[PDB]
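Chemist: Which chain is which? The protein sequence lines are A and B, in order.
Just so you know, the entry's author numbering puts 97 at position 97 of the first sequence, and the rest follows in order with no gaps.
Just so you know, the entry's author numbering puts 32 at position 32 of the second sequence, and the rest follows in order with no gaps.
Dumping the structure here so I can ask a few things about it.
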Amino acid sequence: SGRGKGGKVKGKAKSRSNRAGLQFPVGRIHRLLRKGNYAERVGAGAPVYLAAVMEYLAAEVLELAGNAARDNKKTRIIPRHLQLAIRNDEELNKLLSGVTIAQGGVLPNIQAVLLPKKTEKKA
Amino acid sequence: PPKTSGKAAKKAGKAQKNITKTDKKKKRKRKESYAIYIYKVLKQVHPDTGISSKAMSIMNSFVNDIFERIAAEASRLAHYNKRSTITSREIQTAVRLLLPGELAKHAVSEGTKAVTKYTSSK
C-alpha cells in the first residue's frame, strides 16, 4: 500500500494458482502442441516420459559442451562452442536438422530423396 | 528498504522497451524457458563448469529444437494410428526414429526412472 505493507504480498499476483518459475504447465504444453498442429491431448504418464527424454538430450549436449569448454581452459562455456564444437557432432546435427539439405538418411517421406529411378520423358 | 525505485518502464518506447543491458534480453518472441532444466542438469554432469548468458540463450534454442524435431515424429506416428494424442508409444518410437538405438535405450531407462520416482525432473 501507500502506508506500507498492510497485507501479505509475495509473488507476481495474488492467487493460490501461481507459477513460481518459467516452467511450462500442462495447459501451456497443450497450447504449444496445438499451435504446431502436433497433437491435441497428451496421455497420462507421457509428460513424465517427455521430461525424461528432454533431460537426457540436454545431458548429452551439456556433456559435450562442458568438456569442450574445459579444453579451451574456460570455466564457463562460451557461444563459440555452440557454433563450433556443437556443430561438429553428427548426432546432435542430425536431430537439429529437418528436411533441407540431406545430411543423414532419415528423410521422412514416400521414397528416397534421390529417387530410385528417373521419370518418364514425353516424345 | 528506505529509498525505492524512482522510475518505471511503462511509457512509450523507442527501441524495444529502451532496454540497455539492465534487464533480461527479451526478443524474437521468446516465451519462458527451459533454463531451469538446463541449469539443473548441467550441474549433474558438469558441476565445476558454468555457462555464459549468451551461450544459454543459444543453448536453450538449440536443445528446444531437438525436442521439436522429435515432436514432429510423434505427430507422424499418431497420424498412422489415426489419432491426435501423444503417448509413450509415440515417444518411444519417435526417439528410436531419430536417435541411434544405442542412445535410445538409455532414454527409455531414464523415463522409467522418472515415472517410478514420479518426478518431472532430475
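The beta carbon of each residue, even a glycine, is placed where N, CA and C say it ideally should be.
Using a Cβ-Cβ cut-off of 8 Å, state whether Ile78 (chain A) counts as contacting chain B.
Modeler: yes
Chemist: In chain order, what residues of the segment 80-92 of chain B put their CB closer than 7 Å to some CB of chain A?
Modeler: Under the 7 Å Cβ criterion, the segment 80-92 of chain B contributes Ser84, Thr85, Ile86, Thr87, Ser88 and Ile91.
Chemist: Residues in the same chain with beta-carbon distance under 7 Å from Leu92 (chain A), minus the five sequence neighbours each way, listed in chain order, please.
Modeler: Non-local beta-carbon contacts of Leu92 (chain A) in its own chain, meaning distances under 7 Å to residues more than five positions away in sequence, involve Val61 and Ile86 in chain order.
Chemist: Below 8 Å, how does it come out for the segment 89-109 of chain B and the segment 91-106 of chain A: are there three or more Cβ pairs, yes or no?
Modeler: A contact exists between the segment 89-109 of chain B and the segment 91-106 of chain A.
Chemist: Taking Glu120 (chain A) as the query, report the chain B residues whose CB atoms sit under 9 Å from its CB, ordered along the chain.
Modeler: What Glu120 (chain A) touches in chain B: nothing, since even the nearest Cβ is about 30 Å away.
Chemist: Cβ of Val9 (chain A) less than 8 Å from any chain B Cβ?
Modeler: no
Chemist: So the alpha helix (DSSP H) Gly66 (chain A) belongs to, where does it begin and stop?
Modeler: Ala46 to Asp71 is the span of the alpha helix (DSSP H), which, as asked, contains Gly66 (chain A).
Chemist: So what does DSSP say about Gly111 (chain B), is it helix, strand or coil?
Modeler: Reduced to three states, the DSSP call for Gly111 (chain B) is helix.
Chemist: In this structure, what does DSSP give as the bridge partners for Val42 (chain A)?
Modeler: B:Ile86
Chemist: Just the C-alpha distance for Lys121 (chain A) and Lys82 (chain B), rounded to the nearest angstrom, thanks.
Modeler: 37 Å
Chemist: Where does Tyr80 (chain B) land, buried or exposed, given buried means 16+ other C-beta within 10 angstroms?
Modeler: exposed
Chemist: When the distance is taken between beta carbons, is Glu63 (chain A) closer than 8 Å to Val45 (chain B)?
Modeler: yes
Chemist: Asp65 (chain B) touches chain A at which residues, Cβ-Cβ below 7 Å?
Modeler: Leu96
Chemist: What residue does the alpha helix (DSSP H) around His79 (chain B) start on, and which one ends it?
Modeler: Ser53 to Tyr80 is the span of the alpha helix (DSSP H), which, as asked, contains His79 (chain B).
Chemist: Let me see if you follow: with CB-CB separation under 8 Å, is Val113 (chain A) close to chain B or not?
Modeler: Judged by the 8 Å Cβ criterion, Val113 (chain A) is not in contact with chain B.
Chemist: Assign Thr119 (chain B) to buried or exposed, taking buried as 16 or more other Cβ atoms, counted over all protein chains shown, within 10 Å of its Cβ.
Modeler: exposed
Chemist: Can you tell me which of B:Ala78, B:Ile58 and B:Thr116 puts its alpha carbon nearest to the alpha carbon of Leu84 (chain A)?
Modeler: Checking every option, the nearest Cα to that of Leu84 (chain A) belongs to B:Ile58.
Chemist: Can you name the residues that DSSP bridges to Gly50 (chain B)?
Modeler: A:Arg76
Chemist: For the alpha helix (DSSP H) containing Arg28 (chain A), list its first residue and its last residue.
Modeler: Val26 to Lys35
Chemist: Along the alpha helix (DSSP H) that carries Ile86 (chain A), what are the first and last residues, could you check?
Modeler: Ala85 to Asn88
Chemist: Give a yes or no on whether the minimum CB-CB distance between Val26 (chain A) and chain B is below 8 Å.
Modeler: no
Chemist: Determine, using beta carbons only, whether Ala8 (chain B) comes closer than 8 Å to chain A.
Modeler: no
Chemist: What residues from chain D crowd round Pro100 (chain B), counting only those whose CB sits closer than 8 Å?
Modeler: Structure shown: chain D not included; protein chains present are A and B.
Chemist: Return the Cβ separation of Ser121 (chain B) and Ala51 (chain A) in integer angstroms, given the expectation that the two are a contact with Cβ distance under 8 Å.
Modeler: 6 Å
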